[PDB]
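Single chain ahead, by itself, as C-alpha cells, in the form deposited without 2,5-dihydroxybenzenesulfonic acid (DBX).
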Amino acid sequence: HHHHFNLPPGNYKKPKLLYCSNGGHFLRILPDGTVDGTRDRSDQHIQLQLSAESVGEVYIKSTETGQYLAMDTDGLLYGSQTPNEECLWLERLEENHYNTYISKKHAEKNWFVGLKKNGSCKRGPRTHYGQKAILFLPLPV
C-alpha cells in the first residue's frame, strides 16, 4: 500500500491517446519496442487500449502492434510482446484532473510513466510526484 487510491473518471470501453501536457506529446510505442512521445496526431502507434486487471490496475497496450507498455528493472519503458509483472500500472487521478501511471512492480520506488518536454521518456528513478512529466490526459482516438 504505497499509494493513494483516488481514481480517474472514464472507462476502458474505447482506445485512447495518452496526452502529456509537459511537452504536448502523445505516448507512443514503436514496432521495435521503443517508447517515446510524438506531437503527430496521425501517428499510428499512439493509439492505446487500456484494460483493468483489478480496480485501478491496468495494462496499456498498443492497438497497432499489440505490445504492452512496461518498465524494466533499470526504469526504462519498453514494449513487451507478452504481459508480465512489469506491464501492470496503477492508474490514478492526480491534481484532481489528470491520469498518472505508477509501476506496480516498482511501486515502492515511485516510478511513473513520464514524458520530457523534448518528447523522450523519463527513466523510472527520474520521475516523482509533483512533476508535470507524469501528468496525462486520455483523449479519444
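We number the residues from 1 along the sequence you see.
- If you average the C-alpha B-factors over 40-48 and over 54-62, the higher value belongs to 40-48.
- Comparing the deposited coordinates for 26-34 and 77-85, the stretch with the larger average C-alpha B-factor is 26-34.
- In the deposited entry, the Cα temperature factor of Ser21 sits in the top third of values across the chain's modelled residues.
- Ranked against the other modelled residues of its chain, the C-alpha B-factor of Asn118 as given in the entry falls in the highest third.
- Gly130: CA B factor lies in the middle third for its chain, per the PDB record.
If you look for the form solved in complex with 2,5-dihydroxybenzenesulfonic acid (DBX), you will not find it shown, but the lines that follow are about it.
- Of the heavy atoms in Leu17, none are within 4.5 Å of 2,5-dihydroxybenzenesulfonic acid (DBX) in the deposited bound form.
- Every residue of the trio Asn22, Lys117 and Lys122 has some heavy atom no more than 4.5 Å from 2,5-dihydroxybenzenesulfonic acid (DBX) in the deposited bound form.
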